[PDB]
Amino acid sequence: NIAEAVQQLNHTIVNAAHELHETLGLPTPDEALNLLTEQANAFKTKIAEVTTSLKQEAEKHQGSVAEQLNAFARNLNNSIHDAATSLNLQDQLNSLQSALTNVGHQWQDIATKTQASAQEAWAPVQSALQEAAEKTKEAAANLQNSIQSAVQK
């Protein structure tokens, strides 16, 4: 189930990243920079939301799942914090593209983990993980919609 969610996330992310490159076709090298920074911030905002809600969840469980859950969240947060920092279009673009890529990889990691647990250890936090995956997918679809609408007018 998570597997699915996570698979759908990936596709989303992959595409979104492709589009990032079309920000370069914008009128000014300034317009785009502002656009990007904005988008990056919107994303960052959302990913951090998830991180916080998953941290909360972890607080309710025992064992290594809770540990690992809290960890995942922390990590998601680390791959985004510094993504709208660069002072130029170039670095900005690189930064976002990476940030996006790292969020996807981290999602795959945790998905695989849950899958490899024969004792079904992750079952107890499945809903939370799923919702979070959805929220991440939306953030990335939203971003894409933006890079798209700003390149059609």
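So that there is no doubt, residue numbering starts at 1 and follows the sequence shown.
Student: Comparing 37-45 with 62-70, which stretch shows the greater average C-alpha B-factor in the deposited entry?
Tutor: Taking the mean B-factor of the alpha carbons in each, 62-70 is higher.
Student: According to the deposited model, is the average Cα temperature factor higher in 131-139 or in 15-23?
Tutor: Mean C-alpha B-factor is greater for 15-23.
Student: Per the entry's Cα B factor values, which of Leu89, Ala121, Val50, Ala116 stands out as the maximum?
Tutor: Top of the list by C-alpha B-factor: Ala121.
Student: Have a look at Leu54, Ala111, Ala32, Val125 and flag the one whose Cα has the highest B-factor in the entry.
Tutor: Each of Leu54, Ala111, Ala32, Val125 was compared by C-alpha B-factor; the highest is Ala32.
Student: Ranking every modelled residue in this chain by its Cα temperature factor as given in the entry, which third contains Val151?
Tutor: Highest third of the chain for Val151's C-alpha B-factor.
Student: Looking at the C-alpha B-factor of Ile2, is it in the lowest, middle or highest third of its chain?
Tutor: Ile2: CA B-factor falls in the highest third of its chain.
Student: Which third of the chain does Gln106 land in by C-alpha B-factor: lowest, middle or highest?
Tutor: Answer is highest: the recorded C-alpha B-factor places it there.
Student: By the record's CA B-factor, is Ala84 among the lowest, middle or highest third of residues in the chain?
Tutor: Answer is highest: the recorded C-alpha B-factor places it there.
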